[PDB]
Amino acid sequence: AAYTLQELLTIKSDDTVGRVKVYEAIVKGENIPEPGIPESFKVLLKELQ
Amino acid sequence: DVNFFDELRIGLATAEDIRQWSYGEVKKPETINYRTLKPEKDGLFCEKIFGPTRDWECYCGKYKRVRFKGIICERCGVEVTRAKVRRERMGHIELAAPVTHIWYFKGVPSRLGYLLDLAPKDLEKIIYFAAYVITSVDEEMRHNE
Amino acid sequence: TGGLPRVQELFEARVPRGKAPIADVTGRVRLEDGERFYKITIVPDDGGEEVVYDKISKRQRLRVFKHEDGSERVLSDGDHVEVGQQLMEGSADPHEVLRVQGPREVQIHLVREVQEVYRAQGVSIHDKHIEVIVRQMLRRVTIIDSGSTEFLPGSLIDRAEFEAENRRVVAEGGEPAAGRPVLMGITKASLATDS
Amino acid sequence: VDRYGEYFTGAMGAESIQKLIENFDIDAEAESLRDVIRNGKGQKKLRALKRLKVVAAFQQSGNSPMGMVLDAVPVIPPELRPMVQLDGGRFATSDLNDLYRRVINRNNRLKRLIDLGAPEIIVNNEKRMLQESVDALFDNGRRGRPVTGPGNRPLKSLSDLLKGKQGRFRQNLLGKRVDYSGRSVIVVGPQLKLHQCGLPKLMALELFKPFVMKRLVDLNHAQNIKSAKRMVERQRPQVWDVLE
Amino acid sequence: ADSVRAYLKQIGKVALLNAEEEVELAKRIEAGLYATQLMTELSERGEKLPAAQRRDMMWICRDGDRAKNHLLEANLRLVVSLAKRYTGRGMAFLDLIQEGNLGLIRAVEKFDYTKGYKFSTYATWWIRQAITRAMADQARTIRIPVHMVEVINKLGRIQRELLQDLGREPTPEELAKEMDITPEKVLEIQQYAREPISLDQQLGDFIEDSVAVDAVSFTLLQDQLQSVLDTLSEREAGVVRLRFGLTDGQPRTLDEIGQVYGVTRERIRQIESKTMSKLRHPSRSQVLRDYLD
Amino acid sequence: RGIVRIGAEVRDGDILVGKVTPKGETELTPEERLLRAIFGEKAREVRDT
Ligand SMILES: [Zn+2]
């Protein structure tokens with residue numbers, strides 16, 4: 001179950017952008033966005049940079 | 001960003017590349033101002049180098065609308081955008097003397113050691129200003145005279 | 001031991017607590033018994049040297065391979081036993097099984113041994129589950145001779161890639177590298193990863 | 001130096017190592033190392049091979065070894081080392097701030113010192129302190145004594161943000177608490193079909209709250225969505241029909 | 001190995017100053033000053049005598065470089081001893097020493113050959129000022145002004161002996177009644193004297209960020225607020241989006257308000273009253289009641 | 001007094017004690033100057049805790 005676990009680990013806990021977009025899309029009555037790349041990734045790269 | 005990463009790769013940086021990542025130079029040791037609790041000009045928190053504090057706002061107060069996206073204020077130089085860029089723009093420091101990276105010197109074995117064919121102890125002596133090392137010999141001039 | 005420590009130790013591939021010996025070659029049983037320590041000797045069939053062991057008399061001498069194949073018949077010296085057969089009662093050590101009888105045989109031993117702990121408490125897993133992890137153990141090589149290849153003598157290297165490098169350097173007249181199959185524990189083999 | 005000023009030059013310092021690596025050519029040593037490998041007396045030779053590996057790396061990479069002496073240092077963005085103000089007026093900051101500040105200080109003071117002119121012992125000491133400072137910023141306690149800030153407490157370095165149980169690599173493996181979730185006590189219900197399950201309606205009201213809100217402004221029971229959310233907080237009798 | 005040690009060695013290598021070296025340095029500094037004036041005069045005119053007759057003064061320049069440098073070596077060992085009293089509280093030991101060197105260099109330049117006195121007193125009273133100035137500049141994590149540094153120095157140093165001399169904890173009011181004599185400045189002085197505590201010393205987990213959920217719901221509020229007020233006119237919404245400013249947002253000056261509306265002659269202050277009855281349409285319909293609630 | 005009288009059955013979310021913190025002094029928002037201007041209700045120097 002790739003999409004469920006990727007959903008738990010990202011928009012349901014860490015990504016602020018993600019949670020805001022999902023909440024908004026649910027209240028609006030449109031599709032939830034398909035899960036992409038966490039905002040956490042760019043932070044891992046800024047720290048390795 | 002595109003969703004397609006075949007693979008990730010890592011490497012060494014370069015001063016000419018570290019200058020590329022940067023948005024300013026931090027040259028003052030000071031952090032936020034004590035009185036008003038705004039960041040201090042051209043230091044480890046300043047809005048010029050990194051990002052504006054609140055969303056769509058410069059520093060002095062000449063713009064606080066959202067109508068102006070991407071403009072750079074000519075009285076203090078901050079850029080009005082989302083405050084989220086406050087965690088994506090990186091600083092840079094320019095050292096009057098070149099230091100070595102600790103990861104290539106204290107690891108076992110030191111790779112710097114293997115490149116420059118020294119004992120590790122003597123490499124440590126060179127780095128820390130406790131032993132002189134002879135860089136370049138003018139051989140042609142020595143043989144001539 | 002028989003419980004979850006025996007299963008854990010088997011996957012780690014560490015040396016067992018019994019470590020009963022197996023026949024390094026094939027020969028004839030010749031056991032002299034000292035009261036403090038036994039000595040087990042195997043007189044080779046092919047010829048050459050005879051294997052020597054100094055095993056405690058604290059264990060129990062195992063049943064011998066015989067034409068009768070009685071499991072109740074203890075080992076009586078003067079006999080001819082098969083190569084690889086176990087000598088005393090206890091646990092055979094896996095690294096020795098592998099070096100003596102190739103990669104397949106130690107696979108058989110690990111599947112049977114990890115399964116034989118569950119067939120006692122009454123559980124049953126299907127063999128492929130065990131085999132999918134045993135495959136993750138036995139798939140690297142430690143290299144005796146570096147030769148013309150690049151990698152250091154005595155390093156844990158992948159199998160397929162060891163073969164590929166060896167045939168490329170062989171493609172130019174360069175000397176091959178001499179590598180043997182190694183068994184690894186499921187903590188010293190998940191450490192050596194390539195990502 | 002006085003006898004043969006025109007014949008050699010040699011520096012003490014890290015700037016020396018940089019002129020040495022620059023004078024160094026990678027392809028030149030590599031061939032000689034391979035020939036050492038080719039020859040016998042392997043025990044001595046094995047040492048020549050450990051060199052060969054490190055050296056050949058830099059040849060295959062396309063990356064010059066010059067990138068091992070820093071002419072500039074990056075500064076991590078300001079948020080990943082935050083200084084936020086607590087509730088009681090106290091400032092709560094991160095440890096990296098003390099390290100960057102330190103390197104900035106020793107740098108500015110060194111450069112003005114070069115401007116003024118100074119003895120060699122003072123300039124060499126300041127260079128030394130700069131190298132040691134940036135060294136502890138990249139990885140603390142890796143060379144001599146770590147640095148402690150308040151009360152003999154080692155400072156969390158910048159390489160400290162990657163390693164450990166709390167580092168960035170370990171973060172996603174351990175697991176975190178989520179949203180849209182609850183838990184309770186389970187009783188058996190032998191009435192249910194194998195695909196059904198029984199859900200306390202007081203808990204299934206909370207869990208699905210936003211959906212109840214969308215359907216509740218959709219019905220028009222609540223004039224606006226924000227008001228509707230308020231309605232589900234007071235468990236009004238109209239929301240159960242929608243929550244079905 | 002460790003850093004303070006090697007520098008202590010370097011400082012201790014050269015011989016300490018004494019009464020015999022008083023003459024050596026006094027003569028050398030005087031010679032150096034003369035060398036500086038004689039060398040300086042030739043450069044300004046632009047006409048220079050031969051270099052062979054100037055090499056003598058170059059030799060006096062080498063003597064003056066061994067005098068400035070070696071005299072400096074004599075002063076360093078004093079710099080360390082003077083640092084030993086400052087090292088505990090504020091900064092690192094070697095940072096303080098380095099500032100002693102920097103101050104000494106500034107101090108040596110400001111020196112007079114004619115006056116003769118011990119170096120401890122004169123030099124010490126010149127470099128302790130540099131030490132205290134840089135120390136007071138960069139010791140704190142958040143920079144503070146110098147009079148706050150003095151006030152916190154006085155109250156902190158008198159407080160530390162008052163608590164143990166009295167035998168009881170100094171009350172929050174009388175520590176200020178000694179000098180500040182204000183009850184509202186106590187919290188402030190103890191706030192300025194507090195230092196920022198590490199987040200790692202979890203600690204940050206207790207803190208709450210708040211507002212994304214209510215700034216999202218506030219963007220929705222902006223949607224509904226734009227949608228509701230559609231029954232009015234364009235003129236009246238002009239002065240609604242000018243001095244108040246729905247999308248713009250500034251309590252602006254009425255003249256520049258009158259010059260950005262395309263209508264001049266301050267006519268929008270006369271139309272400002274001809275629509276307040278129409279501006280009563282949203283208040284009588286009671287439409288903005290669910291957002292301020 | 002600000003405290004609930006003794007014996008009043010309370011459903012959750014209700015107020016038991018009514019306290020207000022003196023709200024941190026920021027500027028009054030202009031959009032909020034028109035929003036509060038149409039009705040005439042000032043966000044006082046106090047938030048509700
Ligand atoms: Zn500005």
# chains A, B, ... in the order shown; residues from 1 in each chain; ligands from 1

call {"tool": "residues_near_ligand", "arguments": {"ligand": "ligand 1", "cutoff": "7 Å", "atoms": "only C-alpha atoms and all ligand atoms", "output": "PyMOL selection string"}}
result
chain B and resi 58-63+73-78

call {"tool": "write_last_selection", "arguments": {"atoms": "N, CA and C atoms", "output": "short mmCIF file (atom, residue, chain, number, x, y, z; two decimals), in the first residue's frame"}}
result
data_model
loop_
_atom_site.label_atom_id
_atom_site.label_comp_id
_atom_site.auth_asym_id
_atom_site.auth_seq_id
_atom_site.Cartn_x
_atom_site.Cartn_y
_atom_site.Cartn_z
N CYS B 58 8.42 44.06 3.51
CA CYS B 58 9.83 44.42 3.53
C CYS B 58 10.22 44.75 4.97
N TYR B 59 11.36 45.43 5.16
CA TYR B 59 11.85 45.70 6.51
C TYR B 59 11.38 47.06 7.03
N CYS B 60 11.66 48.14 6.29
CA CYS B 60 11.36 49.47 6.79
C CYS B 60 9.87 49.76 6.86
N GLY B 61 9.07 49.16 5.99
CA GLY B 61 7.65 49.39 6.00
C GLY B 61 7.14 50.15 4.81
N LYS B 62 7.86 50.15 3.70
CA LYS B 62 7.43 50.85 2.51
C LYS B 62 6.52 49.99 1.65
N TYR B 63 6.38 48.70 1.98
CA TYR B 63 5.44 47.83 1.29
C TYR B 63 4.93 46.78 2.27
N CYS B 73 12.74 46.12 -2.60
CA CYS B 73 12.63 47.48 -2.12
C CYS B 73 13.98 48.19 -2.17
N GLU B 74 13.98 49.41 -2.69
CA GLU B 74 15.21 50.14 -2.93
C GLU B 74 15.66 50.97 -1.73
N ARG B 75 14.91 50.95 -0.63
CA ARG B 75 15.36 51.60 0.59
C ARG B 75 16.06 50.65 1.56
N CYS B 76 15.76 49.35 1.50
CA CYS B 76 16.44 48.39 2.37
C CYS B 76 16.77 47.06 1.71
N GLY B 77 16.25 46.77 0.52
CA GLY B 77 16.71 45.63 -0.25
C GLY B 77 16.08 44.30 0.06
N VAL B 78 15.07 44.24 0.93
CA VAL B 78 14.38 42.98 1.15
C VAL B 78 13.41 42.74 0.00
#

call {"tool": "interface_residues", "arguments": {"of": "chain E", "to": "chain F", "cutoff": "12 Å", "atoms": "only C-alpha atoms", "output": "PyMOL selection string"}}
result
chain E and resi 218-219+221-222+225-226+229+237+239-252+276+279-293

call {"tool": "residues_around", "arguments": {"residues": "residue 14 of chain A", "least_positions_apart": "2", "cutoff": "9 Å", "atoms": "only C-alpha atoms", "output": "list in words"}}
result
residues 9, 10, 11, 12, 16, 18, 19, 38, 39 and 40 of chain A; 176 and 178 of chain D

call {"tool": "interface_residues", "arguments": {"of": "chain B", "to": "chain D", "cutoff": "7 Å", "atoms": "only C-alpha atoms", "output": "VMD selection string"}}
result
chain B and resid 12 to 15 18 27 to 29 45 86 to 102 111 114 to 115 126 to 129 131 to 138 141 to 142

call {"tool": "residues_around", "arguments": {"residues": "residue 216 of chain E", "least_positions_apart": "3", "cutoff": "8 Å", "atoms": "only C-alpha atoms", "output": "ChimeraX atom specification"}}
result
/A:20,24 /E:212-213,219-220

call {"tool": "write_last_selection", "arguments": {"atoms": "N, CA and C atoms", "output": "PDB file, in the first residue's frame"}}
result
ATOM      1  N   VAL A  20      -2.301  21.831   4.923  1.00  0.00           N
ATOM      2  CA  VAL A  20      -3.163  22.955   4.571  1.00  0.00           C
ATOM      3  C   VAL A  20      -3.895  22.669   3.269  1.00  0.00           C
ATOM      4  N   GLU A  24      -7.957  22.095   3.005  1.00  0.00           N
ATOM      5  CA  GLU A  24      -8.679  22.988   2.111  1.00  0.00           C
ATOM      6  C   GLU A  24      -9.427  22.220   1.030  1.00  0.00           C
TER       7      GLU A  24
ATOM      8  N   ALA E 212      -1.949  29.009  10.210  1.00  0.00           N
ATOM      9  CA  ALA E 212      -2.245  28.428   8.900  1.00  0.00           C
ATOM     10  C   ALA E 212      -3.710  28.022   8.755  1.00  0.00           C
ATOM     11  N   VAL E 213      -4.309  27.479   9.816  1.00  0.00           N
ATOM     12  CA  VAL E 213      -5.699  27.031   9.746  1.00  0.00           C
ATOM     13  C   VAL E 213      -6.660  28.217   9.756  1.00  0.00           C
ATOM     14  N   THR E 219      -8.536  33.510   4.492  1.00  0.00           N
ATOM     15  CA  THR E 219      -8.661  33.669   3.046  1.00  0.00           C
ATOM     16  C   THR E 219     -10.072  33.319   2.594  1.00  0.00           C
ATOM     17  N   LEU E 220     -10.649  32.264   3.177  1.00  0.00           N
ATOM     18  CA  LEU E 220     -12.055  31.964   2.924  1.00  0.00           C
ATOM     19  C   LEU E 220     -12.943  33.113   3.383  1.00  0.00           C
TER      20      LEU E 220
END

call {"tool": "residues_around", "arguments": {"residues": "residue 1 of chain F", "least_positions_apart": "6", "cutoff": "12 Å", "atoms": "only C-alpha atoms", "output": "number ranges by chain"}}
result
F: 16-19

call {"tool": "write_last_selection", "arguments": {"atoms": "N, CA and C atoms", "output": "compact mmCIF listing (two decimals), in the first residue's frame"}}
result
# COMPACT_ATOMS: atom_id res chain seq x y z
N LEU F 16 -16.12 27.80 32.02
CA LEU F 16 -16.17 27.63 33.48
C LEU F 16 -15.65 28.86 34.22
N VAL F 17 -14.62 29.50 33.67
CA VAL F 17 -14.00 30.68 34.24
C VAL F 17 -13.62 31.57 33.06
N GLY F 18 -14.01 32.83 33.13
CA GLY F 18 -13.81 33.77 32.04
C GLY F 18 -12.64 34.70 32.27
N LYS F 19 -11.53 34.47 31.57
CA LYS F 19 -10.33 35.26 31.77
C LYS F 19 -9.86 35.82 30.43

call {"tool": "residues_around", "arguments": {"residues": "residue 81 of chain E", "least_positions_apart": "5", "cutoff": "12 Å", "atoms": "only C-alpha atoms", "output": "list in words"}}
result
residues 8, 11, 75, 76, 86, 87, 93, 96, 97, 100, 120, 124 and 128 of chain E

call {"tool": "write_last_selection", "arguments": {"atoms": "N, CA and C atoms", "output": "tab-separated table (two decimals), in the first residue's frame"}}
result
chain	number	residue	atom	x	y	z
E	8	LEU	N	50.86	29.72	24.61
E	8	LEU	CA	51.66	30.00	25.80
E	8	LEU	C	53.14	29.74	25.55
E	11	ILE	N	54.60	32.54	23.35
E	11	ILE	CA	54.78	33.76	24.11
E	11	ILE	C	55.97	33.64	25.05
E	75	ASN	N	55.53	42.08	26.00
E	75	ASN	CA	54.22	42.47	26.50
E	75	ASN	C	53.21	41.32	26.50
E	76	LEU	N	53.35	40.35	25.59
E	76	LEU	CA	52.39	39.26	25.49
E	76	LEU	C	52.24	38.51	26.82
E	86	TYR	N	39.67	37.82	33.55
E	86	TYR	CA	38.49	37.94	32.72
E	86	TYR	C	37.99	36.61	32.16
E	87	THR	N	38.84	35.57	32.17
E	87	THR	CA	38.54	34.36	31.41
E	87	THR	C	37.27	33.65	31.88
E	93	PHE	N	39.23	31.78	26.44
E	93	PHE	CA	40.49	32.29	26.96
E	93	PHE	C	41.31	32.92	25.84
E	96	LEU	N	39.98	36.26	24.26
E	96	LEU	CA	40.38	37.36	25.12
E	96	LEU	C	41.85	37.72	24.92
E	97	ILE	N	42.73	36.71	24.89
E	97	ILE	CA	44.15	36.97	24.65
E	97	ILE	C	44.36	37.68	23.31
E	100	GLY	N	43.70	41.13	23.60
E	100	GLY	CA	44.83	41.78	24.25
E	100	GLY	C	45.95	42.13	23.29
E	120	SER	N	53.76	48.00	33.12
E	120	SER	CA	52.57	47.33	33.63
E	120	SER	C	51.51	48.42	33.65
E	124	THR	N	49.05	48.37	30.74
E	124	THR	CA	47.89	47.67	31.29
E	124	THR	C	46.65	48.55	31.24
E	128	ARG	N	43.54	47.06	28.96
E	128	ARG	CA	42.34	46.61	29.66
E	128	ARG	C	41.10	47.28	29.09

call {"tool": "interface_residues", "arguments": {"of": "chain D", "to": "chain A", "cutoff": "8 Å", "atoms": "only C-alpha atoms", "output": "ChimeraX atom specification"}}
result
/D:74,76-77,161,168,172,175-180,210-211,213-214,225

call {"tool": "write_last_selection", "arguments": {"atoms": "N, CA and C atoms", "output": "PDB file, in the first residue's frame"}}
result
ATOM      1  N   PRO D  74      29.413  27.793   3.651  1.00  0.00           N
ATOM      2  CA  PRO D  74      27.985  28.100   3.573  1.00  0.00           C
ATOM      3  C   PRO D  74      27.420  28.365   4.956  1.00  0.00           C
ATOM      4  N   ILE D  76      23.795  27.859   6.891  1.00  0.00           N
ATOM      5  CA  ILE D  76      22.520  27.156   6.809  1.00  0.00           C
ATOM      6  C   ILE D  76      21.418  28.205   6.891  1.00  0.00           C
ATOM      7  N   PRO D  77      20.268  27.999   6.256  1.00  0.00           N
ATOM      8  CA  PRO D  77      19.224  29.018   6.279  1.00  0.00           C
ATOM      9  C   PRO D  77      18.857  29.363   7.707  1.00  0.00           C
ATOM     10  N   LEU D 161      23.548  17.569  13.214  1.00  0.00           N
ATOM     11  CA  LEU D 161      22.192  17.545  12.685  1.00  0.00           C
ATOM     12  C   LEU D 161      21.937  16.385  11.734  1.00  0.00           C
ATOM     13  N   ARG D 168      18.701  13.628  10.816  1.00  0.00           N
ATOM     14  CA  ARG D 168      17.748  13.722   9.718  1.00  0.00           C
ATOM     15  C   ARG D 168      17.567  12.413   8.969  1.00  0.00           C
ATOM     16  N   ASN D 172      12.498   9.533   9.592  1.00  0.00           N
ATOM     17  CA  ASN D 172      11.314   8.927   9.004  1.00  0.00           C
ATOM     18  C   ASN D 172      11.158   7.452   9.341  1.00  0.00           C
ATOM     19  N   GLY D 175       8.872   6.789  13.239  1.00  0.00           N
ATOM     20  CA  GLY D 175       7.436   6.962  13.152  1.00  0.00           C
ATOM     21  C   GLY D 175       6.956   8.103  14.033  1.00  0.00           C
ATOM     22  N   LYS D 176       5.891   8.758  13.586  1.00  0.00           N
ATOM     23  CA  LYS D 176       5.352   9.936  14.243  1.00  0.00           C
ATOM     24  C   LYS D 176       3.847   9.782  14.426  1.00  0.00           C
ATOM     25  N   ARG D 177       3.270  10.655  15.248  1.00  0.00           N
ATOM     26  CA  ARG D 177       1.829  10.660  15.437  1.00  0.00           C
ATOM     27  C   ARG D 177       1.143  11.434  14.322  1.00  0.00           C
ATOM     28  N   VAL D 178      -0.033  10.957  13.922  1.00  0.00           N
ATOM     29  CA  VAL D 178      -0.694  11.459  12.723  1.00  0.00           C
ATOM     30  C   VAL D 178      -1.963  12.229  13.051  1.00  0.00           C
ATOM     31  N   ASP D 179      -2.758  12.486  12.020  1.00  0.00           N
ATOM     32  CA  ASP D 179      -4.059  13.126  12.106  1.00  0.00           C
ATOM     33  C   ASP D 179      -5.139  12.153  11.641  1.00  0.00           C
ATOM     34  N   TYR D 180      -6.394  12.445  11.992  1.00  0.00           N
ATOM     35  CA  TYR D 180      -7.518  11.583  11.609  1.00  0.00           C
ATOM     36  C   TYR D 180      -7.423  10.189  12.226  1.00  0.00           C
ATOM     37  N   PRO D 210     -14.230  17.394   9.009  1.00  0.00           N
ATOM     38  CA  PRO D 210     -14.301  18.241   7.813  1.00  0.00           C
ATOM     39  C   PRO D 210     -15.330  17.768   6.811  1.00  0.00           C
ATOM     40  N   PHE D 211     -15.397  16.465   6.532  1.00  0.00           N
ATOM     41  CA  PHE D 211     -16.394  15.965   5.588  1.00  0.00           C
ATOM     42  C   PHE D 211     -17.807  16.335   6.022  1.00  0.00           C
ATOM     43  N   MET D 213     -18.502  18.847   7.591  1.00  0.00           N
ATOM     44  CA  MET D 213     -18.633  20.279   7.339  1.00  0.00           C
ATOM     45  C   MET D 213     -18.965  20.558   5.879  1.00  0.00           C
ATOM     46  N   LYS D 214     -18.237  19.936   4.947  1.00  0.00           N
ATOM     47  CA  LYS D 214     -18.560  20.116   3.536  1.00  0.00           C
ATOM     48  C   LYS D 214     -20.013  19.758   3.260  1.00  0.00           C
ATOM     49  N   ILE D 225     -19.110  27.946   5.907  1.00  0.00           N
ATOM     50  CA  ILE D 225     -18.376  26.771   6.357  1.00  0.00           C
ATOM     51  C   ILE D 225     -17.798  26.970   7.750  1.00  0.00           C
TER      52      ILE D 225
END

call {"tool": "interface_residues", "arguments": {"of": "chain B", "to": "chain C", "cutoff": "12 Å", "atoms": "only C-alpha atoms", "output": "PyMOL selection string"}}
result
chain B and resi 7-10

call {"tool": "interface_residues", "arguments": {"of": "chain D", "to": "chain E", "cutoff": "7 Å", "atoms": "only C-alpha atoms", "output": "PyMOL selection string"}}
result
chain D and resi 90-95+119+144

call {"tool": "write_last_selection", "arguments": {"atoms": "N, CA, C and O atoms", "output": "CSV table (one decimal), in the first residue's frame"}}
result
chain,number,residue,atom,x,y,z
D,90,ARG,N,11.4,34.7,27.8
D,90,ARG,CA,12.8,34.2,27.6
D,90,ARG,C,13.0,33.9,26.1
D,90,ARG,O,12.0,33.4,25.4
D,91,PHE,N,14.2,34.1,25.6
D,91,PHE,CA,14.5,33.7,24.3
D,91,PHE,C,15.0,32.2,24.3
D,91,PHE,O,15.9,31.9,25.1
D,92,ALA,N,14.5,31.4,23.3
D,92,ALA,CA,15.0,30.1,23.2
D,92,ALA,C,15.6,30.0,21.8
D,92,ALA,O,15.0,30.2,20.8
D,93,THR,N,16.9,29.6,21.7
D,93,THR,CA,17.7,29.6,20.5
D,93,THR,C,18.3,28.2,20.3
D,93,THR,O,18.2,27.3,21.2
D,94,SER,N,18.9,28.0,19.1
D,94,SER,CA,19.6,26.8,18.8
D,94,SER,C,21.1,27.0,18.9
D,94,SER,O,21.6,28.2,18.9
D,95,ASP,N,21.8,25.9,19.0
D,95,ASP,CA,23.3,26.0,19.4
D,95,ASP,C,24.1,26.5,18.2
D,95,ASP,O,25.1,27.1,18.4
D,119,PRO,N,52.8,41.2,14.2
D,119,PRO,CA,53.9,40.2,14.2
D,119,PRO,C,53.4,38.9,13.7
D,119,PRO,O,52.2,38.6,13.6
D,144,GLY,N,40.5,17.5,19.8
D,144,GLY,CA,40.8,18.1,21.1
D,144,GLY,C,39.6,18.2,22.0
D,144,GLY,O,38.9,17.3,22.2

call {"tool": "interface_residues", "arguments": {"of": "chain F", "to": "chain D", "cutoff": "12 Å", "atoms": "only C-alpha atoms", "output": "ChimeraX atom specification"}}
result
/F:11-14,24

call {"tool": "write_last_selection", "arguments": {"atoms": "N, CA, C and O atoms", "output": "PDB file, in the first residue's frame"}}
result
ATOM      1  N   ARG F  11     -22.114  20.958  29.482  1.00  0.00           N
ATOM      2  CA  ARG F  11     -21.632  20.251  28.305  1.00  0.00           C
ATOM      3  C   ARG F  11     -20.268  20.801  27.907  1.00  0.00           C
ATOM      4  O   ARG F  11     -19.936  21.955  28.199  1.00  0.00           O
ATOM      5  N   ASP F  12     -19.473  19.966  27.238  1.00  0.00           N
ATOM      6  CA  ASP F  12     -18.087  20.328  26.979  1.00  0.00           C
ATOM      7  C   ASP F  12     -18.014  21.553  26.070  1.00  0.00           C
ATOM      8  O   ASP F  12     -19.011  22.017  25.502  1.00  0.00           O
ATOM      9  N   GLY F  13     -16.812  22.117  25.987  1.00  0.00           N
ATOM     10  CA  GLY F  13     -16.631  23.376  25.312  1.00  0.00           C
ATOM     11  C   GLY F  13     -17.146  24.575  26.063  1.00  0.00           C
ATOM     12  O   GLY F  13     -16.780  25.707  25.710  1.00  0.00           O
ATOM     13  N   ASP F  14     -17.956  24.380  27.106  1.00  0.00           N
ATOM     14  CA  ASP F  14     -18.531  25.519  27.799  1.00  0.00           C
ATOM     15  C   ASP F  14     -17.462  26.245  28.602  1.00  0.00           C
ATOM     16  O   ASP F  14     -16.360  25.738  28.841  1.00  0.00           O
ATOM     17  N   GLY F  24      -1.108  41.192  23.205  1.00  0.00           N
ATOM     18  CA  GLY F  24       0.127  41.792  22.736  1.00  0.00           C
ATOM     19  C   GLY F  24      -0.121  42.915  21.752  1.00  0.00           C
ATOM     20  O   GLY F  24      -0.835  42.732  20.761  1.00  0.00           O
TER      21      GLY F  24
END

call {"tool": "residues_around", "arguments": {"residues": "segment 4-12 of chain C", "least_positions_apart": "2", "cutoff": "12 Å", "atoms": "only C-alpha atoms", "output": "ChimeraX atom specification"}}
result
/C:1-2,14-18,90-95,106-107,109-118,120-121,130-131,133-138,183-190

call {"tool": "interface_residues", "arguments": {"of": "chain C", "to": "chain D", "cutoff": "9 Å", "atoms": "only C-alpha atoms", "output": "ChimeraX atom specification"}}
result
/C:147-148,150-153
